[PDB]
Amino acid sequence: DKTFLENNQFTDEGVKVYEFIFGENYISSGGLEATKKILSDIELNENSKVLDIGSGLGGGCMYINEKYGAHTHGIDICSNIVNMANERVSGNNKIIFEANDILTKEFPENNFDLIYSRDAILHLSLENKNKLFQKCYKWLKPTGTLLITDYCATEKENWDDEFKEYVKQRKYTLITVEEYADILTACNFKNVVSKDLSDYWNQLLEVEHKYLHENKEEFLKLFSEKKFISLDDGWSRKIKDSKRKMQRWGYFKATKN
């Protein structure tokens, strides 16, 4: 799976294209603005330990460490992206980025105050989503919180041709917001809050889309017209498909006790 992601969706250039539209240090939806919103009700301090699953270019960890002073440990399977993340942080002994497979990584039980993941678990098969959340349950401190956004979808029976092709090409496993919440409940998480944030996601996509159009000249200088068209069309589809709830954006927050 590492090779597949590194050689396709997350080639060096693919990562840089995504960073252009999401914002500096981000490959997750809504970049910095969504990060601020998602963490707006989260309480941590300088003694907190945070795990970021799918840490990408590191913007989320940078923000969490800046806001709270927390120790942040990001894991991402793509070695190239981790290398890029490590280039953007220096002199900070409370931020660590590690290239590894979260499904094989070992952490002590009762270790983290927050386990955070942004638009990363969609790569995992359903079997492996369940396996991951069982691990997360163990790794959380008794007082800890799990906080996730992820790509979700309407039931597969409702998918159209274009959406089927997108999911297939990306090799995503997209489940409903409801099924996702059920996995967390089955893993024994408490106070499971799930929100279908597709409308907010649509707003985020529209801001990103407008930015792309307004900065087309700069994009073409950095990249190419072919890549602009692909990105433009991809965002257009996500805007259309989120409006009609075919492609959805799920938010999940839960606790160990």
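For every residue, the number given is its place in the sequence shown, counted from 1.
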Between 89 to 97 and 112 to 120, point out the one with the higher average CA B-factor as the PDB entry records it.
89 to 97
Got a sec? Mean C-alpha B-factor, which is higher, 216 to 224 or 197 to 205?
216 to 224
Among modelled residues of the same chain, the CA temperature factor third for residue 129:
middle
What third of its chain's C-alpha B-factors does residue 80 belong to: lowest, middle or highest?
highest
Comparing residue 107 with the other modelled residues of its chain, is its CA B-factor in the lowest, middle or highest third?
highest
Would you please rank residue 160 by its C-alpha temperature factor against the other modelled residues of its chain and give the third it falls in: lowest, middle or highest?
lowest
Hey, what third does residue 141 fall into on Cα B-factor, ranked over its chain?
highest
